[PDB]
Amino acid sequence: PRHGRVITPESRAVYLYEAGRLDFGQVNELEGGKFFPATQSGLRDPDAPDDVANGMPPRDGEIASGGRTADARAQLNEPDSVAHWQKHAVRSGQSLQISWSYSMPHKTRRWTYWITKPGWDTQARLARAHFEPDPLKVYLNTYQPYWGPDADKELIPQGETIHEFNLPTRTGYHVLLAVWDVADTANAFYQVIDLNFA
């Protein structure tokens, strides 16, 4: 089993796990096509030409479950109007440390962090139109090709991945979408994090 999630601040799925509403596998398998916000499969990686081409990224309204809708992971896609997601109290400019944990981590091309626009329709199901077209932060692994002799050390996390950046200027409810792109598969892991800005 190949697993990844954002453990802190607790992702939406982690909070559902703590409430007994998702099991451990489910929280760690929000896996769909990489290269959000693209809406098509078969794209090559813009930085790494030998990387495996993407599968179909999650459609609008299925972003929070990573395109997973056959089981209780579907809960994740409910709008805040209905789910009243638990939201982390945050402030504009605040330094935020993100921690990923894993089981049997994949060879990784990048982690990307996307942020909702000021004025997004906060009561809707999540859609590409809600997110800033430019990522808040990207961490790109440069080692290529993914089958090169030093690939395991250069591309595979050996423990929790810890990222830190400053949140931008916002008020009210916002979503930070954290995405982990796998170099040698079609897929990425999708971890929505719910925020409440002073």
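Throughout, we count residues from 1 along the sequence that is shown.
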> Mean C-alpha B-factor higher for 64-72, or for 139-147?
Replying inline: 64-72
> Which is higher in the entry, the mean Cα B factor of 22-30 or that of 50-58?
Replying inline: 22-30
> When the CA B-factors of 110, 91, 106, 128 are compared as recorded in the entry, which is the largest?
Replying inline: 91
> For the listed residues 188, 16, 178, 175, which one has the largest C-alpha B-factor as given in the deposited model?
Replying inline: 16
> So where's residue 163 on the chain's Cα temperature factor ranking, which third?
Replying inline: lowest
>> Considering every modelled residue of the chain and its Cα B-factor in the PDB entry, is residue 101 in the lowest, middle or highest third?
In response: lowest
> Would the CA B-factor of residue 198 place it in the lowest, middle or highest third of its chain?
Replying inline: highest
